[PDB]
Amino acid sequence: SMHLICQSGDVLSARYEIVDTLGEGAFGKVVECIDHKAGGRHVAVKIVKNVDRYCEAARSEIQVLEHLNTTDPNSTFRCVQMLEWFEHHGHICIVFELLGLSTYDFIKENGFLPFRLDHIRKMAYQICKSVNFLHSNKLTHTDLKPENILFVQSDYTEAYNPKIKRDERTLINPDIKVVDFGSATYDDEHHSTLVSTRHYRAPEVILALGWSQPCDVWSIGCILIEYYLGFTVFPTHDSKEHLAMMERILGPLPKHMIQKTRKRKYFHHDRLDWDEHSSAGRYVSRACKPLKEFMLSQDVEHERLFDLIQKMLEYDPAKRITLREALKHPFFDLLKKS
C-alpha cells in the first residue's frame, strides 16, 4: 500500500512532488521532493508505514523535534530541522530539510573504505556535541548508527589515489547532522527493554540491565571504529556471538554485570558459554582482534582516537566516559585554537 503513494511524480498534500527515494526501512521511506509552494526548494519527506508501532514512533519524533528545533532554531547542535508534518492517504509524513548521503551510504558507495582521520575528528566532534545536547535535555537517542548521521552536503572531489590503484571520492565538507528521533526517550518516559540496532547495542541493553544516556556513548564508540575501519565491527545478528565478539576485542565482561543479568541463557558459572573451537568460535578468533590491534598506525593521533573509543566502549555504563568529558579529550585538541 505504501508503494501506491510514494512514486516519482506523485504530489503529496498538493505541495510536494516526489523526485526519488533517499532511503527505505521497515518504518517506511524517505523521499526527496520538490516543494512547489516554497519556490522549488528540495526537501526530504518521511512517509511512515501505516502501522501502530511506527505510527506512534512518528508522533513521538514530532514531539521531540518540536522541542529540539525550538530550543535550537539555528541548529547549533546539529539535529535535523523538521519543517512540517501532515497526513497523506492515511500515512503520516514528516518534512525535513534536505541533507546529503548518510555516513553509511558514503562508506558503502566508496567500496567500504574508511574516512581520513582528520574527517573522522571533525565528524566525531559534531556527533558528540549533538548527542550531548540531547543528553542536556534529558533525552537518550537510542538508535545512533552511521545511517542516522548524515552529511549536510555530500559534494566530493575526485583524484586518482594510487595507494589503492583506484579513482577516489573525497568529501569537500564533512559537516554532519543527526537524524531519526522516533526512538528518542526522555529520562522520565518508559524505557523499552530492546533498543538500538543490533550492531550498535550496548552490553547493558543486550543483558537487559537498564539503560540511559550512556548507551548512546557505546553506540558512538562503534560508529567511530567503523569510520576508522570502513566496516562494521560487530557484524552479527545473534546476541551471544555479539558478546563473544566483544570479549575478543575488549576482554571479558565484568563479573558483576554477568551476575545481574536476567539473561541466564548466555552464561555458565561467571563466563560466557562460548565454545572457541566451534565453527562460529574459530571465525570470531581470526576475524575479531584486541581493539588496539585494529590500529593502522602508531602515530599519536591514531592512539588518541583509540583511547577515546576504548573509553566509549567501557562495559560498565556507570564508568563509561560521558560526552561532556569526551568533548575535552585530546583527540579533539587539533580542532581548537592551541
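Just count from 1 along the sequence shown to find any residue number. In this text, rigid core is short for the largest set of C-alphas that superpose within 1.5 Å between two forms.
Engineer: Taking C-alpha RMS after core alignment, which stretch differs more from the shown form in 7 other deposited structures of this protein: 165 to 173, or 238 to 246?
Structural biologist: Higher root mean square deviation of C-alphas in 7 other deposited structures of this protein is shown by 165 to 173.
Engineer: Just give me the stretch that moves more in 7 other deposited structures of this protein: 126 to 134 or 151 to 159, judged by RMS C-alpha distance after a core fit.
Structural biologist: Greater root mean square C-alpha distance in 7 other deposited structures of this protein: 151 to 159.
Engineer: Could you check which stretch, 143 to 151 or 233 to 241, carries the larger mean CA temperature factor in the entry?
Structural biologist: So the stretch with the higher mean C-alpha B-factor is 233 to 241.
Engineer: Comparing 72 to 80 with 253 to 261, which stretch shows the greater average C-alpha B-factor in the deposited entry?
Structural biologist: The stretch with the larger mean CA B-factor is 253 to 261.
Engineer: Select one of 305, 312, 55, 33: the residue whose C-alpha shows the highest B-factor in the crystal structure entry.
Structural biologist: Answer for 305, 312, 55, 33: 55, with the highest C-alpha B-factor.
Engineer: Using the temperature factors in the entry, find which of 38, 45, 291, 272 has the highest value at its Cα atom.
Structural biologist: So the option with the highest C-alpha B-factor is 272.
Engineer: Once the chain's modelled residues are ordered by C-alpha B factor and cut into thirds, is residue 122 in the lowest, middle or highest one?
Structural biologist: Bottom third by C-alpha B-factor.
Engineer: Please rank the C-alpha B-factors of the chain's modelled residues and tell me whether residue 134 sits in the lowest, middle or highest third.
Structural biologist: It belongs to the middle third of the chain when residues are ordered by C-alpha B-factor.
Engineer: By its CA B factor, does residue 203 count among the lowest, middle or highest third of the modelled residues in the chain?
Structural biologist: Residue 203: CA B-factor falls in the middle third of its chain.
Engineer: Taking the chain's C-alpha temperature factors as the reference, tell me which third residue 157 falls into: lowest, middle or highest.
Structural biologist: It belongs to the highest third of the chain when residues are ordered by C-alpha B-factor.
Engineer: Is the Cα B-factor recorded for residue 114 in the lowest, middle or highest third of its chain?
Structural biologist: For residue 114, the deposited C-alpha B-factor lands in the lowest third.
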